[PDB]
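I have placed the structure first, in the form of structure tokens, so that the comments after it can refer back to it.
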Amino acid sequence: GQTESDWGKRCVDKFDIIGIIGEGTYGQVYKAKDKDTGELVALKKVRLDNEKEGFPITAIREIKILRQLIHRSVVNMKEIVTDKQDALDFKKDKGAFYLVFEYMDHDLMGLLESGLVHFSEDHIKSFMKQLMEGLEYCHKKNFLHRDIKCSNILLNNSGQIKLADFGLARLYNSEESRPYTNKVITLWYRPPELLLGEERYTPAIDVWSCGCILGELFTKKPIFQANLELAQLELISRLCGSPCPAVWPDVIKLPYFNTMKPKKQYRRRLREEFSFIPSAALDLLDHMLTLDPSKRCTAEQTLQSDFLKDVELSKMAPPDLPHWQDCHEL
Amino acid sequence: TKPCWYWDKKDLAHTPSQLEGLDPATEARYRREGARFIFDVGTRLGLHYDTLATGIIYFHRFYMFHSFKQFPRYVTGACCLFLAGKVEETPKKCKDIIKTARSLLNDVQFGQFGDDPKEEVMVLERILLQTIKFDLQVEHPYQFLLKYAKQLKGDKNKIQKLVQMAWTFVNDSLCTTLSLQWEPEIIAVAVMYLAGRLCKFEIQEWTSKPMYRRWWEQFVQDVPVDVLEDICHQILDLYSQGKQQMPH
Amino acid sequence: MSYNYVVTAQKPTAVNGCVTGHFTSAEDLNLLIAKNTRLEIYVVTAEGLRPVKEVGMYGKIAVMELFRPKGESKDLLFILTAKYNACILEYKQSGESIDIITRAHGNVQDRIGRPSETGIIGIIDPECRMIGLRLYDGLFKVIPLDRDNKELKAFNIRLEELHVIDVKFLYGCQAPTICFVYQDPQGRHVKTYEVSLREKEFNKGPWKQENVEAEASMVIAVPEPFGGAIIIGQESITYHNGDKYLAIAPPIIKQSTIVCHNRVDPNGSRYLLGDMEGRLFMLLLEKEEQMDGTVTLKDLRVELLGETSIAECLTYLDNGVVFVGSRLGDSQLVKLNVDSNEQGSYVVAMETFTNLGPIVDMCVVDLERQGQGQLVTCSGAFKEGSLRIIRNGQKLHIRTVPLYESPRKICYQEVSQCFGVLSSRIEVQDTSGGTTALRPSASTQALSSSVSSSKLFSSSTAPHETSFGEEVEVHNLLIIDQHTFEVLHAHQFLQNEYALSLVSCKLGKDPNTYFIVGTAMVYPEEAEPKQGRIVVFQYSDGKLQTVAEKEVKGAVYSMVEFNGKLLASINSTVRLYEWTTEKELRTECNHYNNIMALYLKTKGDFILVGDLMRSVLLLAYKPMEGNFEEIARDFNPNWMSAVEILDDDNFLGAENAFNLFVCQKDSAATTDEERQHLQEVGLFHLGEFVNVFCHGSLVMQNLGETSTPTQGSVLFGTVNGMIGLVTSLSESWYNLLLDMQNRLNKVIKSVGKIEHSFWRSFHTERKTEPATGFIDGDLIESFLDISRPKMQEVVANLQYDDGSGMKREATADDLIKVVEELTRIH
Ligand SMILES: Cn1cc(-n2cnc3c(NCc4nc5cc(Cl)c(Cl)cc5[nH]4)nc(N4CCOCC4)nc32)cn1
């Protein structure tokens, strides 16, 4: 069990780089295949050239958090490789390192953004249950994936889902509060507490982002789409209700509460505007998109929901791909 | 999967330092010197105790793969503390650690850092990460000393005297190779075992099984008294060498 | 940044909808034909149609209905665009000045909603009390037709039935009632609801729900005399009204799917129907009046009238004439006779309106060597399939070459003075075990003919099961002369083999010019075809000769000539073949990081790959290493429909969402990743579905060179028959025309008060982005049509800062001359 443990000693020469596949949390993700095994792997890391702090601390966080987490719904970091290092000349060595991840077939963003894939109710059940099982595992280890986006949600053609980029992930502690960056999640998936300036936020920040993803699979359009933080809070208020001390006692505690007020004190119209969603999912959506993070559901409670409690991981339902409609419709 | 970070006492006679002509007494001194160097510098920087031990664990493991003659001790210890800060989320600038080191080191000892003290340390970070095989997560006997003491119920003053005395023994065991010989759970039990003998406390009475005279077994399984006596013998050897007496 | 310029060379010709009413005046009978973003207004005469007005709208016309509320002299027009722009229009003519007034305007898009499968549906209450819109699943939007609703505000009523097929407003109901066919897991049913403007909710419908055919298609609102509704399906036609239930299932309508309907008699006795094979039917409603004064339905009858063009919309004009609005073929005016001719047909064609239909592929070729160039398109589908010869001559001259089968791809071979055309025809499983074609076509009427005797896939011992009556596609390679356009030869490919790509070129050291076809073995079970062939033909002395075949494990979606080597895309793989001295293909290098390599374009050693969802990728052959290498890729996900190379740094693409975009190399080589990042520098909502990009120009060139402000010429054909041109601009010319557009938009009044910037904005279901890097040439060329006071208002204070000088002020006449030069590029 130590052959696979020896890291940093292998070179990137064993991987042939196919090309770049996208932009990750801090750096761009590239694709490669191992010469020895022939396996497709996902590559991505940073550079050691900035001697201000040497090895990046945000990268050290992603290495520490990911090596502790092992789950069927989490991308497993395979190994870590380096550039060609000079013998005996380790002082002049300016070579960088590379993180080796497991490569998945597709990405949820590209599938939805193109509009080709279709999600049935059973497909969404297979999607959300795997998403919450991994999220509950990492939340159980007191870690927060502060960057839940469609580009970081990966799926294989079998139907298995995995989360990807943990570079923006930090550790959570209920006792010791550490101030964090108020802006951390993509504006379309950002929880309302971060819009209002919460620096010490709860693990419920990921539940809100996945809630916007749950509704996005039924409408094929993102729920809240705005270019500014205040405009984002307005769209959230028109659907989930305006932030008010009635539904959110500590909303006054948040700094930007008096600063960022919506136009009116809108009422919650979530169940009305989502009447086409099944009742099992609509109740889940209502709890996941709760304004107050203390009243917002947890990752385990979503797995004990009428929509996901009885879902079987054996019936892994892959998303429907068109066949001859890609050349000309029917 | 994960690398093994534990050797036997008999294996310490074959470290890269030993095979280059260094005698066993000198390497043990170089380890105690380097450990307090990481300890004293990080203490001046106001670092958490887990950060100090993390650099010390990196330090002990590093010279199982390398020789003290080829790598300066204080340059390596500074690099360990610098990396340990970013690992345990208590980061410090490299210039701030070098400044603290020069204050507490004489001209000769700081001469190991060469003409550029920062660069000689920053360069060693690559070799440190490769040597530790990128196994950054490190556990320490502190959390187990507290996790086991919380399950003890009885005289609050007697239990607290046990904790502080055992906690003192944990700080002293960092100066030794015990960190490499045994897991942190056994060390946390051994320091409870040592502080129990010195204070003449019968810890089993404070446990949920008051007649289970081998109280530690409900904490850490498969630990013979031979291991606890071996650890206790090594910890008290530090006090007997320097002639200092038990804290008590 | 990149700068481009797009103009429409041929407006959309496919008819998307047609209605009859009294819109221009209360006396005239008008026929409003709706093409994509275009509205044509005609007046019915005894000889035909008289055009009166044609207006353009900044949106794709989705719903178009004429209605007359109480207190209006003549009918008003309601139009809803694809981007949910709603408006109510009125015709006003003061002598010779004809203008269309925007009575109401608004955007009915909902923030949240799943777009329905059967598309946007628009119906109006018979009493003109409300406008019914079906935009999202489980939601029914109601626009109350009140005098004060000039903003067209609307509310949504919750709908239990999520999957609706079609809906109409019923006749003869006390309260406004809708009738719709919905589909649940228990099949399809028809249900009714009553709309209440006062309660703003649904009440229980008049008549109960019935279990109907699983393939129920359309709902027909039978007028007051009979009442109720008629449900059209694939095999049965059913009438539902209260307890009365009637169902006819004639055997003739089972042969072809019915697609359109129209009412002939206002009393509701006769209805028109049309199928996919062009047949025109008449639905007769026999009346049984009961000694109580009431007119119940005796029976239903269907009679075949004749054959028309495959029509998207039918509309009956008075005195027995019917307008056949076709999307797949030429639109027609047909006369319905009471007596059948000697052939048994009651239909006789009056006029033929040319429709380029679906332009699947096209090539620019100077057939007559006039330096001008002609555009030869594969146009039409099924019986309406044809070739079109287009030339600039001031109106386009178009010659039609009917094929009577579906054309696929075309290529020109000057060495043989002929074209290569891939085509497909529809045959039906007969009783002999084989297949029998419905009609003769170009593949059957060839002078000489041949069939592939290949044994590559003859490894299947058990041939797949065939039942009688199932349609099959038969693919052929047509050799058509360039002068007579006579089908000289037709090569029929293997059974279940689809022709997808076609190229004509020489390869390697082989001097013979070859026809090369990339095919695919298509079976219904296939989870993407896994068999295919690359076949090389040589047309010599009137006979097509099979030169060589190469077996591939997938579909050859596209091929192209590369430096004397054959570049072919097979499923996710992009392969480069070498033509050996033994006249056989040999693989050199491959690239695999694709999903479905569809469209390929080459220029030098660079290769542009158009993926199903990865957008565009740049590939380099690199002759030294002998392997492909990724250069740069567009990381914004897009569903590509056609790609094209503009220059060595700019690339042009087309999306399935009717959007054009332009990628370019970042042109700043800091990090190697910036180079690898193709930056989308142009965005533009075209409104049309581009199928084929083609370099070239149809303008007459009499040695004139560089006299144009524009550089380059790219032609493209669309599904609606629209043909356009894309060209690049300098930064000086771009800012001049772009600043002019903003001045023209504030000046020009749009139909329905639609913002031009909103119309040209990049638009998918998920993203809405403003247009950039593109100059709407149709808006710039409209400067030569606005009145003189509007011209000077646009040129007032307009200073051009082209550079290498100072912001000189523009004159009104100086801008008129510039646009006249821009009108010469098409
Ligand atoms: C941090 N981390 C990432 C991974 N990781 C593993 N596997 C993939 C993966 N595989 C599907 C996939 N999508 C593709 C799109 C294109 Cl255009 C191309 Cl050419 C190839 C593609 N492959 N995608 C991505 N994304 C990165 C950023 O933007 C989009 C997706 N991350 C991946 C593991 N850890």
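Reconstructed Cβ throughout: ideal geometry from the backbone, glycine too, with neighbour counts over all protein chains shown. Since every read-out is calculated from the coordinates, none of them should be taken as a lab result.
On full extension of the chain, what length is gained from A:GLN2 through A:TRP324, given 0.36 nm per residue of separation minus the C-alpha to C-alpha distance?
Contour length minus Cα-Cα distance gives 111.1 nm.
Which listed residue (C:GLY329, C:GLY227, C:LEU273) has the Cα farthest towards the positive end of the charge dipole for region C:227-334, taking +1 on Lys and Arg C-beta and -1 on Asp and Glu C-beta about the Cα centre?
Farthest towards the positive end: C:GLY329.
Assuming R0 = 35 Å, can you tell me the calculated FRET efficiency for the pair C:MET700 and C:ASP802, based on Cβ-Cβ distance, to the nearest 0.05? Walk me through the numbers before you get to the answer.
Working: r = 29 Å, r/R0 = 0.84.
E(calc), rounded to 0.05, equals 0.75.
What 222 nm value per residue comes from the helices of chain A, counting each DSSP H run with n ≥ 4 as -39,500 (n - 2.57) and dividing by all residues, nearest 500 deg cm²/dmol? Before the final figure, lay out the partial values.
On the way: 9 runs with 90 residues, N = 330.
My calculation for chain A gives -8000 deg cm²/dmol from helical runs alone.
Where in chain B lies the longest segment free of trypsin sites (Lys or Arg not before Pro) that are both loop residues by DSSP (not H, G, I, E, B) and have at most 16 other Cβ atoms within 10 Å?
B:1-68
Which loop chymotrypsin sites (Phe, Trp or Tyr not before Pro) in region C:50-142, with loop taken from DSSP, have no more than 15 other Cβ atoms within 10 angstrom of their Cβ?
none
Calculate the mean, over all residues of peptide B:134-141, of how many other protein chain Cβ atoms lie within 10 angstrom of the residue's Cβ.
On the way: counts 13, 5, 6, 5, 0, 0, 0, 0.
Partner Cβ neighbours, averaged per residue: 4.
Go through C:283-292, C:103-112 and give me the packing order, highest mean Cβ count within 10 Å leading.
C:103-112, C:283-292
Residues of region C:502-536 with backbone nitrogen within less than 11 Å of a virtual label 7 Å along the Cα-to-Cβ line of C:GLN429, please, listed as ranges.
Nothing falls inside the zone, counting backbone N under 11 Å.
In nm, to one decimal, how far is the modelled label at B:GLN164 from the one at C:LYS603, with both set 7 Å along Cα→Cβ?
In this crude spin-label approximation the distance works out to 8.0 nm.
If you find the alpha carbon centre of region C:433-498 and of region A:116-155, how far apart are they in angstrom?
49
Let me test this: with uniform point scatterers at the alpha carbons of the protein assembly as shown, what is the Debye-based log₁₀ I(q)/I(0) at q = 0.05, 0.07 1/Å?
With no solvent term, the Cα-only Debye profile gives -0.51, -0.91.
So if a site counts as exposed when it's one of the GluC sites (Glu not before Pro), its DSSP state isn't H, G, I, E or B, and it has at most 16 other Cβ atoms within 10 Å, what's the longest stretch of chain B without one?
It works out to B:1-88.
What FRET efficiency comes out for the pair A:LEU171/C:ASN563, r = Cβ-Cβ distance, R0 = 45 Å, nearest 0.05? Don't jump to the answer; show the numbers that get you there.
Values: r = 56 Å, r/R0 = 1.25.
The value I calculate is 0.20.
Check each of the chymotrypsin sites (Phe, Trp or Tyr not before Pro) in region C:450-539 and keep only those in coil by DSSP with at most 12 other C-beta atoms within 10 angstrom; list them in order.
Numbers: sites: C:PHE457, C:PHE468, C:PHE485, C:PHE493, C:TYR498, C:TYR514, C:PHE515, C:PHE537, C:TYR539; in loops: C:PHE457, C:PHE468, C:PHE485, C:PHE493.
Of the chymotrypsin sites (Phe, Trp or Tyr not before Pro), the ones in loops of region C:450-539 whose Cβ has at most 12 other Cβ atoms within 10 Å are C:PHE468.
Give the share of C-alpha pairs in each 10 angstrom bin for region C:577-649, from 0 to the last occupied bin, in whole percents, shortest bins first.
Over region C:577-649, the share of Cα pairs per 10 Å bin runs 18, 47, 27, 7, 0 percent.
Under the definition of partner shielding as Cβ atoms of other protein chains within 10 Å of a residue Cβ, what is the mean value for peptide A:109-119?
Mean inter-chain Cβ contacts per residue within 10 Å come to 5.
Can you work out ³J(HN,Hα) from phi for every residue in region C:570-583, in order, using Karplus 6.51 cos²θ - 1.76 cosθ + 1.60 and θ = phi - 60°, giving whole Hz and x for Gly and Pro?
Per-residue couplings from phi come out as 10, 6, 7, 9, 10, 10, 10, 9, 10, 8, 5, 6, 8, 6 Hz.
At 10 °C and a viscosity of 1.306 mPa s, what translational diffusion coefficient does Stokes-Einstein give for region B:1-127, taking Rh as the Kirkwood radius over Cα pairs? Give it in µm²/s as a whole number.
This corresponds to a translational diffusion coefficient of 107 µm²/s.
Roughly how many nanometres apart are two label points built 7 Å out from the Cα toward the Cβ at A:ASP93 and B:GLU33?
Between A:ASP93 and B:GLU33, the simple spin-label model gives 2.6 nm.
Hey, can you grab everything whose amide H is under 5 Å from the amide H of A:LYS261? Only 5+ residues off in sequence or another chain; H modelled, so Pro and N-termini drop out.
When sequence neighbours closer than 5 places are left aside, there are no close amide H contacts.
Local charge sum around C:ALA812 (other residues, Cβ-Cβ under 12 Å, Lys/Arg +1, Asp/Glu -1)? Let's see the in-between values first.
On the way: positive: C:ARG743, C:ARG788, C:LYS790, C:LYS817; negative: C:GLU793, C:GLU809, C:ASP813, C:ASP814.
Neighbourhood net charge equals 0.
Under the definition of Cα pairs under 8 Å and six or more residues apart, what whole-number percent is the relative contact order of region C:15-355?
9
Once every DSSP H run of n ≥ 4 in chain C is given -39500 (n - 2.57) and the sum is divided by its residues, what mean residue ellipticity at 222 nm do you get, rounded to the nearest 500 deg cm²/dmol? Working shown, then result.
On the way: 6 runs with 48 residues, N = 826.
Here the helix-only value at 222 nm equals -1500 deg cm²/dmol.
Sort A:279-287, C:350-358 by packing, meaning the average of other beta carbons within 10 Å per residue, with the highest value first.
C:350-358, A:279-287
Using the Karplus equation 6.51 cos²θ - 1.76 cosθ + 1.60 (θ = phi - 60°), what ³J(HN,Hα) coupling, rounded to whole Hz, does each residue of region C:813-826 give in order, writing x for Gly and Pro?
My calculation for region C:813-826 gives 6, 5, 6, 5, 5, 5, 5, 4, 6, 6, 6, 8, 6, 9 Hz in order.
Work out the charge dipole of the protein assembly as shown with +1 on the Cβ of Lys and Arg and -1 on the Cβ of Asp and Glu about the Cα centre, then indicate which of A:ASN152, C:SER345, A:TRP7 is farthest towards its positive end.
A:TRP7
Quick one: angle between helix A:121-140 and the longest Cα principal axis of chain A, in degrees between 0 and 90, rounded to 10, please.
70
So what is the relative contact order of region A:106-312, in percent, for Cα pairs below 8 Å that sit 6 or more residues apart? Intermediate results must be reported in sequence, preceding the final value.
Details: 300 pairs, mean separation 44.5, N = 207.
It rounds to 21 percent for region A:106-312.
Per-residue mean of other chain beta-carbon atoms within 10 angstrom of the beta-carbon, peptide C:521-529?
On the way: counts 0, 2, 0, 2, 0, 2, 2, 5, 2.
So the per-residue partner count for this stretch is 2.
Treat every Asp and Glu Cβ in the protein assembly as shown as -1 and every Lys and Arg Cβ as +1, leave all other atoms uncharged, and give the resulting dipole magnitude about the Cα centre to the nearest 20 debye.
4260
Quick one: which residues, 5 or more positions from C:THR315 or on another chain, have an amide H under 5 Å from its amide H? H modelled 1.01 Å from N in the peptide plane, none for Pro or chain starts.
Here the answer is C:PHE323, C:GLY325, since their amide H atoms fall under 5 Å of that of C:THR315.
Could you pull out the GluC sites (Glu not before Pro) across region C:403-511 that fall in loop regions by DSSP (anything but H, G, I, E, B) with no more than 15 other Cβ atoms inside 10 Å?
C:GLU465, C:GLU470, C:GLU486
Give me a comma-separated list of calculated 3J(HN,Hα) values for region C:645-652, in order, Karplus coefficients 6.51, -1.76, 1.60 applied at θ = phi - 60°, integers in Hz, x for any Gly or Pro.
Whole-Hz 3J(HN,Hα) from phi for region C:645-652: 9, 7, 8, 5, 10, 10, 9, 10.
Return the single residue from B:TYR212, B:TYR30, B:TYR193 with maximal mean-square fluctuation; model: Gaussian network over chain B, springs between Cα atoms under 10 Å.
B:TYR212
If you take the beta carbon distance between C:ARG147 and C:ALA668 as r and set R0 to 56 Å, what does 1/(1 + (r/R0)^6) give as a FRET efficiency, to the nearest 0.05?
So, using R0 = 56 Å, E works out to roughly 0.40.
Helix-only estimate, please: 222 nm mean residue ellipticity of chain B, summing -39500 (n - 2.57) across DSSP H runs of length 4 or more and dividing by its residues, to the nearest 500.
Result for chain B: -19000 deg cm²/dmol, rounded to the nearest 500.
For C:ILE389, what residues show an amide H to amide H distance below 5 Å, using hydrogens built from the backbone and excluding near sequence neighbours?
Counting only residues 5 or more places away or on other chains, the set is C:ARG399, C:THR400, C:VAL401.
Relative contact order of region B:138-240: what whole-number percent is it, with Cα pairs under 8 angstrom and at least 6 residues apart?
For region B:138-240, the relative contact order is 32 percent.
Averaging over every viewing direction, what projected area does the convex hull of the Cα atoms of region C:654-770 cover, in nm²?
10.6
Under a GNM of chain A (C-alpha, springs under 10 Å), which listed residue has the highest mean-square fluctuation: A:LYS33, A:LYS14, A:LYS91?
A:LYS91
Would you work out the charge dipole size for region A:106-312 about its Cα centre, treating the Cβ of every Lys and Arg as +1 and the Cβ of every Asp and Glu as -1, and quote it to the nearest 20 debye?
Values: 26 positive and 27 negative charges, 132 e Å.
Approximately 640 debye in magnitude.
At C:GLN93 and C:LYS506, where each label point lies 7 Å from the Cα along Cα→Cβ, what is the point-to-point distance in nanometres?
For the pair C:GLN93/C:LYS506, the computed spacing is 6.3 nm.
Figure the gain on full extension for C:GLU765 and C:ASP778 (residue separation times 0.36 nm, minus the Cα-Cα span) and round it to one decimal in nm.
So the chain would gain 2.1 nm between C:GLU765 and C:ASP778.
What net charge do the residues around C:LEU488 carry, taking every other residue with its C-beta under 13 Å from that of C:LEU488, with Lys and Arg at +1 and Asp and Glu at -1?
-2
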